[PDB]
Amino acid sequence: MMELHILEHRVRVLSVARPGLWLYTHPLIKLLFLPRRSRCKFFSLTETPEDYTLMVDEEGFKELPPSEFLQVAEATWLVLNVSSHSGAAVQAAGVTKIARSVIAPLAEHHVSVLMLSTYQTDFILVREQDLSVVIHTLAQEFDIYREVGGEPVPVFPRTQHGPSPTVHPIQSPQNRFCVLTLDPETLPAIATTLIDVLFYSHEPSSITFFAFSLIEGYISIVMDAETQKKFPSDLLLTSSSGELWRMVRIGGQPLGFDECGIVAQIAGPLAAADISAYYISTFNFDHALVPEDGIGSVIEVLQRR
């Protein structure tokens, strides 16, 4: 009934250490602001305290020179997206809704995922080495398509052994986050501010977290409510005003890319509690965004897991 789409993106996952970010100002600004200057169709940049995580298609990857500040995940990642029958886009912040149908099945079959929720939709990245299993695992409950050119197309055999799944500690900083979009034609108007925030910036427990993605021409931004005050008024867009979000940071040790079942151990319980959630993986840690009014509940759900 429901459809699962394999998008036409081959994605690399990278981490830029803060002290070296300046070195990559020239390519990044290009990828951020000059769509006529590159062939990139998948760009995601997330600032955390640890680093800047990049998820970029191969075309954008060509723009980033190697250095001691740039760590590159070894695998190439494919991008999955759930939609409804006939191809209608499903509501955003729906990571918990696919907890039983996508996340848990993939975890059970030892498929490691990376999550990238955006304003528009929820992307699930899987290593190309696992594609067959993915299909095998999800063909029962989804009609699977491959996006060839611009239109859909109906659809090594050893899943590697990962480390033993464990329970990971969680933290909840006090920041109030917003999920916003933007008319691309207005991106220049915020450019300088965005640049200032990404490249030249930097007790209540708070975290530095700022996500900007440009994917198939769609812009998505996750930012602190205070950071939004820095931006020109009446440009940042959201269809549900007053909706602010609290973050649950998942991980004590860096999580790597081999352990499975982390997203599942967060989204399962939240799904059972009927709580909506965005979910964004960075190079080292996971991040869930839940409605602020429910944060307490969420914590209690996650501490008895």
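Sequential numbering from 1, following the sequence displayed. Take the two forms, superpose them, and find the largest set of C-alpha atoms that agree within 1.5 Å; that set is the rigid core.
- Here the rigid core sets the fit, and in 4 other deposited structures of this protein the C-alphas of 229 to 237 stray farther than those of the other stretch, out of 229 to 237 and 115 to 123.
- Between 96 to 104 and 176 to 184, the larger mean CA deviation from the shown form in 4 other deposited structures of this protein, after core superposition, belongs to 96 to 104.
- Compared against other deposited entries of this protein, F156 counts as often unmodelled, lacking coordinates in at least a third of those that resolve the residues around it.
- Gaps at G87 occur in at least a third of the other compared entries of the protein that contain both adjacent residues.
- Coordinates are absent for 4 to 9 residues of the deposited sequence placed between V155 and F156.
- Count the deposited residues lacking coordinates between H202 and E203 and you get 10 or more of them.
- Relative to its counterpart among 175 to 183 and 228 to 236, 228 to 236 has the higher mean temperature factor, C-alpha atoms as listed in the PDB entry.
- As recorded in the PDB entry, 141 to 149 is the stretch of 212 to 220 and 141 to 149 with the greater mean C-alpha temperature factor.
- In the PDB entry, the Cα temperature factor peaks, among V95, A107, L125, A75, at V95.
- Per the deposited coordinates, the residue with the largest Cα temperature factor out of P254, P65, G261, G242 is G242.
- When the modelled residues of the chain are ordered by C-alpha B-factor, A277 sits in the middle third.
- When all modelled residues of the chain are sorted by CA temperature factor, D286 is found within the lowest third.
- The PDB entry assigns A89 a C-alpha temperature factor belonging to the highest third of its chain's modelled residues.
- Sort the modelled residues of the chain by CA B factor and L80 lands in the lowest third.
- Ranked within its chain, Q160 lands in the highest third, by CA B factor from the PDB record.
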